[PDB]
Every structure is written in structure tokens, then in C-alpha cells.
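Notes to accompany the following structure.
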Amino acid sequence: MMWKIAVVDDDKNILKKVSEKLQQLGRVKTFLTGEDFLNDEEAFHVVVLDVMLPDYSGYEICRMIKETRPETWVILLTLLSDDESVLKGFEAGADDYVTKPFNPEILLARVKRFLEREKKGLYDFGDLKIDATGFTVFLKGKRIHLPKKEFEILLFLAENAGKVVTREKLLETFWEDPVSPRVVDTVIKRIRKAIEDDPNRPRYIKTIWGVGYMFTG
């Protein structure tokens, strides 16, 4: 069957540009108001939703979708990508976002990320939130510091939450040159120092059988 995609935005120019670009992935239905979308009985696999709608908040509709049909991917179209705005997206349960103005190509890429790789931009684990689109990590609502390598490994573990990732897998995936296995242990220690309350009783990153690591939400 085909993917069903809904686009809810009061800007008819956005509806046209977005619909034309996303039709290559599946069937697209457009809506100018939240009321129109809330009236439709057909379920969608993906909903593109503007944060600002004439009758509802895009954040509230997002919340409604996630509480009723959580399997639905939701990507928000917003005007700001500052921390306050991104945190509102996390709060609403959104899976990703795209800041306006944008080239439809960016949106297409993020929707493909949903449907073809089942990955997303916003990973909410309570006190720990990872924005893979803006490359930011928040701890209790405040941005923290993580060098690129540490961020990439933390994200990889989180995208594979509940699964054991071997030290070997990490060594071959995040380093182009040959490196000592201890380098992985060092990166993990640095990540833990950055996100755990006490880097000795991991809440997020556990060591497993001494051969790998696992992220627990």
C-alpha cells in the first residue's frame, strides 16, 4: 500500500510546495485548518504540522495525535529553532521539526528518515532529551556540552535503546583510523560525566558483560 501523508498549514503556498515534493513518497492530503484535519477520519502515517494554526496550536494537535495514535510520525513546521521552541516540540511529543523558511528537500529528507530508516530528530527520555536535527542534548531542560564524537556515540546508543552495542561495533563505526579499544571506554566515560548524576550507577548508559554498552531510556 502507499504511505499516507497529511500537511496542515494555513499558508497555501507551503501546502502546494510541500505536497508537490512529498507526493513522490505517497498520497498527500492538505488542510488549511486544524479543524479540517481533526474532522478527517482517515488515519495518516505522517503528519506535517505548522506550529501556528488559525484555530489550534500545532503543539496541541501534535499532543492529540500522539495520545490517540502514537504510531503516527509528526513533524512540526516552526519559525524558531531556539532552545525554548525545541523544548516545546519535545513537550508536545513531536518526532522532528523543520524551521521556516525551508527548502522542501529538507522536509523530504526528514520524512524519508521516518519511513525508510525509522529514525527521527527528537528523542525524549525524560530528564535527558536529544535533538538529532539540531545536534543538541538537554539535561533537565538545559543544553549541555558534548563534543562531536561523544554526541554521535550517545545518539547511536539511544537510537538503539535497549540493545547491546559492542565495543567492537563502536570502534569500527565511529573511527576512520585504527585505534586502541580503550578509546571507546574513554568516550563512554566522558558521555557519562556529561549526562549521569553520578558516573558510577548509570541511569542511561550501562556496561554489559564487559563487552558492550546499552542505553536505557
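Please treat every number below as a calculation from the coordinates, not as lab data. Because the Cβ atoms are built from the backbone with ideal geometry, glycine has one as well, and the counts that use them run over all protein chains shown.
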Please give the contour-minus-distance gain from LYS100 to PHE156: 0.36 nm per residue of separation, less the Cα-Cα distance, rounded to one decimal in nm.
17.4 nm
If I take all pairs of Cα atoms in the range 123-217, what percentage of them are more than 17 Å from each other?
46
Rounded to one decimal in nm, the spacing of the 7 Å Cα→Cβ label points at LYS4 and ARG143 is 3.9
In the structure displayed, which of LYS66/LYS129; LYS21/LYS120; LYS21/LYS129; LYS29/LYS163 lie more than 25 Å apart, Cα to Cα?
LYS21/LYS129; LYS29/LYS163
If I model a spin label as a point 7 Å beyond the Cα along the Cα-Cβ vector, how far apart are those points for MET52 and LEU171 in nm?
5.3
Residues whose modelled amide H sits under 5 Å from the amide H of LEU122, counting only those 5 or more places away in sequence or on another chain, are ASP96, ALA132
Take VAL183 and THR207, extend 7 Å from each Cα along the Cα→Cβ direction, and tell me the distance between the two endpoints in nm.
2.0
Calculated FRET value between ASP127 and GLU84, using beta carbons and R₀ = 22 Å, to 0.05
0.80
Evaluate the relative contact order of the range 42-117 (contact order divided by residue number), counting alpha-carbon pairs under 8 angstrom at least 6 apart; express in whole percent.
30
Which of the DSSP-defined H helices in the chain satisfy a minimum axial length of 30 Å, computed from C-alpha atoms, and a minimum mean Kyte-Doolittle hydropathy of -1.0?
none
Quarter of the surface of the C-alpha convex hull for the chain, i.e. direction-averaged projected area in nm², equals 13.2
Tabulate in residue order the Karplus-calculated ³J(HN,Hα) for the range 205-213, using 6.51 cos²θ - 1.76 cosθ + 1.60 with θ = phi - 60°, rounded to whole Hz; enter x for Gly and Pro.
10, 9, 8, 10, 6, x, 10, x, 9
Which of the peptides 160-172, 26-38 is most tightly packed, and how do the rest follow, going by the mean number of other Cβ atoms within 10 Å of each residue?
26-38, 160-172
Compute the Kirkwood hydrodynamic radius of the range 4-122, taking the inverse of the mean of 1/r over all pairs of distinct Cα atoms, and give it in Å to one decimal.
13.9
Once normalised by the length of the chain, the mean sequence separation of its alpha carbon contacts under 8 Å that are 6 or more apart gives a contact order in percent of 12
